[PDB]
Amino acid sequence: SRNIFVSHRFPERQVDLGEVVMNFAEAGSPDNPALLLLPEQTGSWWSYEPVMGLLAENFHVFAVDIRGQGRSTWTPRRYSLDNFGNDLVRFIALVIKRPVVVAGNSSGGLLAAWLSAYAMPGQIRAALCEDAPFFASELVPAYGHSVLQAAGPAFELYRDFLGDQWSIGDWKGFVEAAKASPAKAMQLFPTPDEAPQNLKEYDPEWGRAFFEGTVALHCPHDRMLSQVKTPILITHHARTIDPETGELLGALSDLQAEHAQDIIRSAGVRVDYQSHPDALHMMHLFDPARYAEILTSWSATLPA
């Protein structure tokens, strides 16, 4: 329907980028440094709603709905990291019109790195990659677990039961397949009787693109990390190896994080790594005060 939205504590506006009309919320005062917040997959801008007040003390915050999510345009067959990233390049150029710190969670953290490497010159001051699945979200990664061995199971179910643009919509089937899944990474997957608000706002073709290896086909992660041009902060939250299946539970393994750091270091840019092994994947949502402190303290070490 694309008519299922609810109210939020910050006003929302939309901007025509040329193909996507991007929805976003704004917080904070425009005399403060600009901060672009990129949600996790299945998450709308309001994934950041609880933390935006804290960040508004110090930043001019723009939290966006990425294409295929929230009130931003759904674009069948066009889901790629490059299209996600170029939408954001346009958003910075058309809306923000200043250099930004960009912070993103999970797939959004992939896009924060993408911008550090591939944005227009001067657009990106620095990038915060909050529990980003470097390598582990690729179909054939250079290192470690692939998407099939990590976050893939839920993506397969989104595709098979919800379908591209919610064209199947079989939430009841999805829940019963999620409960029956032998993937240990599905063990704590929430299975409410009714689809949650964030999933109702989510184009499940996103999940297809991740599961099928098309989203990053043209953006191998080893190459993209070698092309970053700004300081990078990597936060690395909970992760474990399942002792029955060998699945990666979490965003990326220790080995994948080591390689991501090594590649960035070899590009000659500043890289900082923080391991928070008892934090949840979406620390900006489940521990806003800790996330805000991490981001604010690191941002204060960046050159003006």
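Note that residue numbering begins at 1 and tracks the sequence as displayed.
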key: Of 167-175 and 70-78, the stretch whose C-alpha atoms average the higher B-factor in the entry   = 167-175
remark   = Mean Cα B-factor check, 211-219 vs 189-197, entry values; winner is 189-197
request  = Sort the modelled residues of this chain by their C-alpha B factor and say whether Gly144 lands in the lowest, middle or highest third.
outcome  = middle
request  = Just say lowest, middle or highest third for the CA B-factor of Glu247 relative to the other modelled residues in its chain.
outcome  = middle
remark   = In terms of its chain's C-alpha B-factors, the third that includes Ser181 is the highest
task = Using the B-factor values recorded in the entry, state whether the Cα atom of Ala238 falls in the lowest, middle or highest third among the modelled residues of its chain.
result = highest
query = Which third of the chain holds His276 when residues are ordered by C-alpha B factor: lowest, middle or highest?
reply = highest
